[PDB]
Amino acid sequence: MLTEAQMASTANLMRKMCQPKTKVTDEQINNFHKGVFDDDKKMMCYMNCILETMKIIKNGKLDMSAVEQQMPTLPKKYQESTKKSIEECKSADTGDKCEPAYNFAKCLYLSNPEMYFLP
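According to PDB author numbering, the residues represented by the sequence shown are 0 to 118, in order.
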């Protein structure tokens, strides 16, 4: 099991890698975490980069195997909220190229804004 501090630290390291690769702006990322969804390609490709790095998205598709391995590494306060969100969002990975991860991410946020922890 991971602590919340390790989760925030690993999230920060993923952002440090994925933001320069995609040139998403700080405000675009900040908007996303408040439910303001910019479908600009940079925001979309950032979400693709993040979820590929987490191994949750592979070739534009939700990898339900990676989802199951990593659920036991979640802090228990996120375990229940994540299960419900993945169940609700497991077909939201629609579209082309970076769109599936972005659409999946928007779904995850809207299913439970308070428990959303993606970078």
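Beta carbons: idealized from backbone N, C-alpha and C, even for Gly.
Residue j beta carbon less than 8 Å from that of residue i
i, j, result
"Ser110", "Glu87", "yes"
"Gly59", "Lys22", "no"
"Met42", "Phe31", "yes"
"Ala10", "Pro112", "no"
"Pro74", "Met16", "no"
"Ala4", "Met46", "no"
"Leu107", "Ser84", "yes"
Sequence-distant residues of the same chain with beta carbon closer than 8 Å to residue i, five excluded per side
i, result
"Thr72", "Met0, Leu1"
"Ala65", "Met53, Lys54, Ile55, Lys57"
"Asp62", "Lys54, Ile55, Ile56"
Nonlocal neighbours in the same chain, by C-beta distance under 7 Å from residue i, ignoring five residues either side
i, result
"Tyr77", "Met114, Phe116"
The alpha helix (DSSP H) enclosing residue i, as first and last residue numbers
i, result
"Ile28", "25-31"
Residue i - DSSP class collapsed to helix/strand/coil
i, result
"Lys83", "helix"
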